[PDB]
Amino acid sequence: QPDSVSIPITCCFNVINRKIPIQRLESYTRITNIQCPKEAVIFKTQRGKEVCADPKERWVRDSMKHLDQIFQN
């Protein structure tokens, strides 16, 4: 098989069931890989933890738009 298919894939198997205030969020990445059960967003919190969220939710999309304007090297 092509070696690219043996790269590990991160997925969100559940998503958080309530809004996270944006002050606690630092950045996000998107999950779109077809091996995963659904498209999702991984937020990284200010405390450095990762939490899955559903981009079908308005609070998630609104949070991503704000986070697009900040970064941390």
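Residues carry their position along the shown sequence, with the first being 1.
For the pair 63-71 and 1-9, the mean B factor over Cα atoms is greater in 1-9. Placement of the Cα temperature factor of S27 within the chain: middle third of the modelled residues, per the deposited record. Per-chain ranking of the deposited C-alpha B factor places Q35 in the lowest third.
In the PDB entry, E57 places in the highest third of its chain by CA B-factor.
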